[PDB]
Amino acid sequence: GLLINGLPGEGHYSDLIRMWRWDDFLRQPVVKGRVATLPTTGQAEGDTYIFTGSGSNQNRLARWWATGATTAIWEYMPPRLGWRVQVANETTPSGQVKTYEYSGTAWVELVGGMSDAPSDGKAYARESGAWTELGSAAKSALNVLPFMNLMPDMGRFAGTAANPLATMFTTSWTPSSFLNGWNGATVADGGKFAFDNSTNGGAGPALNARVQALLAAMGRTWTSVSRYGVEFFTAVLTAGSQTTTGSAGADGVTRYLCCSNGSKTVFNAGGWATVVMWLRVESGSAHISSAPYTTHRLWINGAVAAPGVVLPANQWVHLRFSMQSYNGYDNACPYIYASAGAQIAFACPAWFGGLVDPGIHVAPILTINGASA
Amino acid sequence: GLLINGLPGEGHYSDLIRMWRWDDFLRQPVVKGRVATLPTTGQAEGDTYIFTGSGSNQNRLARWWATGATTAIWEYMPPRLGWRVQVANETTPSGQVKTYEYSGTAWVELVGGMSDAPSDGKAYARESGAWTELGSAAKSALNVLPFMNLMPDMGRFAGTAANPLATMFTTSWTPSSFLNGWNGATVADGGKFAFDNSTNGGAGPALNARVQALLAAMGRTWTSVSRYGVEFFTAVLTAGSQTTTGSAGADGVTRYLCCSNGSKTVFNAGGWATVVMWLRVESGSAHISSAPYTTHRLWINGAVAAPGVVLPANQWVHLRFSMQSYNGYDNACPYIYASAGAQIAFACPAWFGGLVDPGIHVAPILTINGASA
Amino acid sequence: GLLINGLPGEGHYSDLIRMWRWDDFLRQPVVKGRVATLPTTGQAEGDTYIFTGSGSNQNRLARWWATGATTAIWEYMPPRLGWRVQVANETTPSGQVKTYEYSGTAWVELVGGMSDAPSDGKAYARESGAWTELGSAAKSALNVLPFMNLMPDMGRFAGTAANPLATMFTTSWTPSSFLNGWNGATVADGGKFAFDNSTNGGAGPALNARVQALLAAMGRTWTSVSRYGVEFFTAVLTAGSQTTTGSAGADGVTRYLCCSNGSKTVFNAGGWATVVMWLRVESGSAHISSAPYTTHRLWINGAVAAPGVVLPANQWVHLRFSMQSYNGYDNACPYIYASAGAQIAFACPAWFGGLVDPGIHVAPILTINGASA
């Protein structure tokens, strides 16, 4: 509460000039910018800077009045409990004009808002100009949803008779119908990981170099996870001498298909499919697909990748190829071409009947069969 | 920058009346509207229109000052770097008053907002006045999720021994337990679609009229999707002469149940159930359910439908009936009543134990069994 | 529309007094608060209250002008179509300063907003400063999704040969491999619920006290849900005399493990697991887990619970223990320790391969096997 009333009319002309100048300034309260010192040069009429230099003159404005003036002075306008003040020179990307609404102690940003979600524990999302509640499934991710594998042998190459529900299996190696050799490709056993293995102080079968390389790729270095685990076999596919179904990768190197699924009926759910497997190149070179065609999306250890990328040699890689096809079936779904004579190591393949995001899996997904008990 | 200072005191009366009028107007800077021309009639004191006509007087105010005045003139207010100006006559539905914030070059709408999602690749939703992070499953749809059919033979009417994982099957027609004749209804084979069929230039079995009608309905007219596909059988159910379990549709025509599921244990997940199946009426008439009971929702080719709708005759319709029931079982779950003697053609049924939205399917959803290898 | 122009040059000293008052007062149009009566005491210069008392004097300001003044009067400021007026003393939690924008008939709140979801049927959420559309799965809940159980016998203790798809079964009681006795614990048949039971006016086997207790806990008291249902057995486990694998609950009472899963391979989906089962304590005491370890979350009938909570004796409780473990397997997954000699009743166990939220289930979740047909 301050006041300027009751001026002795002898000094009335000065107050008249005051009423002229302040009223003239009141067209638009705009500040060209905050200044901790009075601009000593380059100022004229219409220039308003917030003089916030240390002292009792904080926030006092510093309009310079020279044009059409007798003597120019830094007129001071002490703000008491300031409020919204517009700013022109700088603005937000969305076109909002910067406005520091002084809350009486600090320069605060302008605020608005019309809708606030009711505090009833339900999440709301905008819909056609109105906020609509969301279900519980929105919060949950996809790496945890327990979907089921379409393989009967889990990729363990032990046959469907083996129980997928058992950590330990005694059945010997057995080829999997889900991986059929192409262009004369030969599939042979590569290795096996045994429960209670002797490599880590046990008495069971030892682990070969490929198994340690995979486990290091898995991050399974701790005893609780490296010294134990679920059993499964590994296989190495040698590309045959046949030269059918040519294709070139991103590097322009031609390669031929080496394996096929035997025309599995996996293209049903909206034509969508998903294949997840772990592989490592022991010799030669290989790539993915032929080139960007139809709808495709490749993830490499959680990183998006493009078709034709040549996978680095002698490293374990996680690939997630998900695409759409209304044809209802396909025999060459992987679209993976490898150079003749290339030794490719793979383990724990995982296929799904649609788009799923299970993350970087560690073991094949389970299912139920007659031998599952 | 401009000023009105330091006038010769002789003429101070004019500019004092000036500042008086401007101060009087400054109670609320409101414009009744924007005008490209000065209103020549029907204006008085308190009327303010933004004179934005072509010329240098753009955005100049056009307040008419006649009441209690010697001579009325269109006092002009050239705006320099305009700002928030309120508008009264028209307002938004949510009670927000229109305000054209002039950004110095155009009339910009007033803006607010207090919360912005952090830029860290995460999607947030309002929750109890705070923005809460959403999961990955929220973005994903429901038509691609690879759920499981509860049918062992996929509706192919070839028996459970037939491998669901094979595109082609050699087994002959076989009745499906999931469909059971009611009121003396008889179920007979109607047709079959064969891989490498001769109708499209092949050497396999030909396709009868029903198959072409279905394929045209499915939209699978291209060679890649019409000349190839997964095999399955079609069956036609003839309503029996029995008149038990009467019901009336939306058109008021009484009908009787013709088929039953044999009391399947599908009402488990919260009592929810879902039935998806393709059908076509060859004779007679039929409708869905009896009358609105409990919770229900019918989708016809993706279009919501109400109980009792009489399906058009001789057309393929995609039905998705979903409801809830805590009883734990039901034998007449479809609640489909057809007139006596009506010939109904159906193919590729699919059932689920809960609410799912796979869209308009083109083939029965897969499962796993002993013969799946 | 109003003006203060017309007046003689005689009595305009009051007019300029008012020009010195209004202009200086309009530094910031702030009101200390709304008042229905003029403050008769404790007011001075700088105090502004909205005099909103009943009558034609509504909304008029009541600034008291006494300091440096001759005689103080309640200057009145009739608002015509008022607008945004800031308020200082009270503010919103988010730092927003209260502002009652008068819409000409009522005191409305200030409004903002820079984004509105397009009206095209898609739900949008904020993402890195932009609104991104959401999928259909976001709206759906999780209690309804039809996920598949991993138990081959449904927990009915009837053997895998029994068809889970049939409401009724004729096979006798059979132990379940999923529940293996530990510390010498003995598992014995406890009861069975029969379709068309005679307890509710039928002719089938009667129901024992445990079954009525479970049904009352389940809420299935109506005839449609109490007199009818799916068949299943119940078993009672008696803690053995062995004292291996000691553990203490939240109350500090030591207990020992009484059952094990036989090292089932369920920790596959990101190491996540979910166990749901109904139990009732007939004698002794029991608790959950040993102490908070790693990640954990327990729901008791939909209510979150902490490790070690001693379940009330002789009551049915719905438990849902979900935890992550990357080891890939575990034999003592339940982590349930019961006092020696405690008689624990349990029925309809349900396990899943990952985090799922089926709510309070009423029957075991179904699966598919060779005998499912």
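In case you missed it, the structure is sitting above this.
Visitor: How should the overall build of chain A be read in this particular structure?
Guide: Check the secondary structure of chain A and you find 3 helices and 23 strands. Computed over its C-alpha atoms, the radius of gyration of chain A comes to 37 Å, more than 25% above the 21 Å expected for a compact globule of 373 residues. Viewed in the frame of its principal axes, chain A has a C-alpha envelope of about 115 × 50 × 50 Å. For chain A, with 373 residues in total, the buried portion stands at 51%. Within chain A, counting contacts between residues at least 6 apart in sequence, those at least 24 apart form 63% of the total. For chain A, the accessible area works out to roughly 15900 Å², and carbon and sulfur atoms hold 58% of it. In chain A, 23 positive and 22 negative side-chain charges are present, and the distance between their average locations comes to 5 Å.

Visitor: I tried to follow the relation of the copies chain A and chain C on my own but got confused; where do I start?
Guide: Look at the two chain copies: a rotation about an axis and a shift along it is all it takes to match them. Mapping chain A onto chain C calls for a rotation angle of 120 degrees and an axial translation of 0.0 Å; the resulting RMSD is 0.3 Å. Expressed as a symmetry operation, the mapping of one chain copy onto the other fits a three-fold axis.

Visitor: Would you mind going over the interface of chain C and chain B with me for this structure?
Guide: A common measure of how large an interface is: the accessible area buried when the components associate. Each side of the interface is counted separately: chain C has 58 residues, and chain B has 64 residues. Surface buried jointly by chain C and chain B totals about 5100 Å² across both partners, of which 63% is contributed by carbon and sulfur atoms. At the junction of chain C with chain B, the criterion picks out 1 salt bridge. A salt bridge links C:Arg126 to B:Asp116, with the shortest nitrogen-to-oxygen separation between them at 3.5 Å. In this assembly, chain C and chain B are joined by 16 residue pairs in polar contact. When grouped by side-chain class, the residues that make up the side of chain C that touches chain B number 35 nonpolar, 15 polar and 8 charged.

Visitor: Would you mind going over the sheet that holds strand β7 (residues 97-102) of chain B with me for this structure?
Guide: Strand pairing in a sheet takes place through backbone hydrogen bonds and is either antiparallel or parallel in direction. Residues and elements named next belong to chain B. A sheet is described by the order of its strands in space; here 3 strands give the open sequence β6-β7-β8, paired in antiparallel fashion. With partners counted over all chains shown, the strands left at the sheet margins are β6 (86-91) and β8 (107-109), one partner each. Between one strand and the next, the sheet's axes are offset by a mean angle of 45 degrees, whatever the strand orientation. Pairing geometry for β7 and β8, over 3 bridges, is antiparallel. In the sheet register, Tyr102 faces β8, and the bridge partner there is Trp107.

Visitor: Looking at this structure, I do not really get the interface of chain A and chain C. What am I missing?
Guide: Each side of the interface is counted separately: chain A has 56 residues, and chain C has 64 residues. Together, the buried faces of chain A and chain C total about 5100 Å²; carbon and sulfur atoms form 61% of this surface. It is A:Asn5, A:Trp83 and A:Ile368 that lose the most area in chain A upon contact with chain C, and together they represent 14% of the buried surface on that side. One can count 15 residue pairs in polar contact joining chain A with chain C. Of all elements in the fold, only β9 (124-127), β10 (130-133) and α3 (223-226) of chain A reach the threshold of two or more residues within the side of chain A that touches chain C. The class makeup of the residues in the side of chain A that touches chain C is 32 nonpolar, 17 polar and 7 charged.

Visitor: Looking at this structure, I do not really get unusual backbone geometry. What am I missing?
Guide: Excluding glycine, residues mostly have negative phi values, and the peptide bonds linking residues are mostly trans. One non-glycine residue, A:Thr294, lies in positive phi territory at about 55 degrees. Tracing the backbone shows A:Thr294 in the loop between β18 (286-288) and β19 (298-300). For B:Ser289, which is not a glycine, the phi torsion comes out positive at approximately 65 degrees. Note on B:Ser289: relative accessible area 8%, which makes it buried.

Visitor: Just to check I follow, could you spell out the nonpolar core for this structure?
Guide: Side chains of nonpolar character tend, in soluble globular proteins, to be buried together. The biggest cluster of nonpolar side chains holds 44 residues, and the ones touching the most others in it are A:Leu237, A:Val275, A:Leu279 and A:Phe346. Elements that contribute at least two residues to this core include exactly β13 (232-238), β17 (272-281), β18, β21 (317-324) and β23 (343-352) of chain A. With 5 residues, β17(A) is the single largest residue contributor to this core. Ignoring anything within four residues of it in the chain, the contact list for A:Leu279 reads A:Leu311, A:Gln315, A:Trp316, A:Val317, A:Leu319, A:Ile344, A:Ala345 and A:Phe346. Membership of the second largest hydrophobic core comes to 37 residues, among which are B:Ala158, B:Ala162, B:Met277 and B:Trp351.

Visitor: What am I meant to see in the environment of B:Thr160 here?
Guide: With respect to the secondary-structure elements, B:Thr160 resides in the loop between β10 (130-133) and β11 (180-181). Classification of B:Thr160 as partly exposed rests on a relative accessible area of 27%. Sequence spacing of B:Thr160 and B:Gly370 is 210 residues, and the spatial spacing of their C-alpha atoms is 8.8 Å. With residues near it in sequence (within four places) discarded, B:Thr160 still touches B:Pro152, B:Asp153, B:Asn369, B:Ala371 and C:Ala373.

Visitor: Teacher, can you tell me more about helix α2 (residues 209-218) of chain C here?
Guide: All names here are of chain C. Every buried residue of α2 is accounted for by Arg210, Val211, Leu214, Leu215 and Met218. Across the axial projection of α2, the buried residues extend over an arc of 130 degrees, all falling on one side. Exposed and facing more than 90 degrees away from the buried side of α2 are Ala209 and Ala216. Looking one or two places after α2, you find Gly219, whose phi comes out positive at around 85 degrees.

Calculation notes
- Residues numbered from 1 in each chain as written, not as in the entry; some residues may be left out.
- Chains lettered and ligands numbered in written order.
- Part of a larger assembly, values for the part shown.
- Heavy atoms only, no water.
- Helix = DSSP H or I, 4+ residues; strand = E, 2+ residues; numbered from the N terminus.
- Rg over C-alpha atoms; globule rule 2.2 N^0.38 Å.
- Buried < 20%, exposed > 50% of the residue type's maximum accessible area, 1.4 Å probe, protein only.
- Contact = heavy atoms within 4.5 Å.
- Areas by Shrake-Rupley, 256 points an atom, 1.4 Å probe, with all protein chains shown as cover.
- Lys, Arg positive; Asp, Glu negative; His and termini not counted.
- Charge placed at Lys NZ, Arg CZ, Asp CG, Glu CD.
- Least-squares fit on C-alpha atoms.
- Buried area = accessible area lost by both parts, 1.4 Å probe.
- Salt bridge = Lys/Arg side-chain N within 4 Å of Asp/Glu carboxyl O.
- Polar contact = N/O pair within 3.5 Å; in protein donor to acceptor, adjacent residues only side chain to side chain.
- Nonpolar A, V, L, I, M, F, W, Y, C, P; charged D, E, K, R; others polar.
- Pairing = 2+ DSSP bridges.
- Axes fitted to C-alpha atoms, helices over the stretch in contact; angles between N-to-C directions.
- Core = buried A, V, L, I, M, F, W, Y, C linked by side-chain atoms within 4.5 Å.
- Arc of directions from axis to C-beta.

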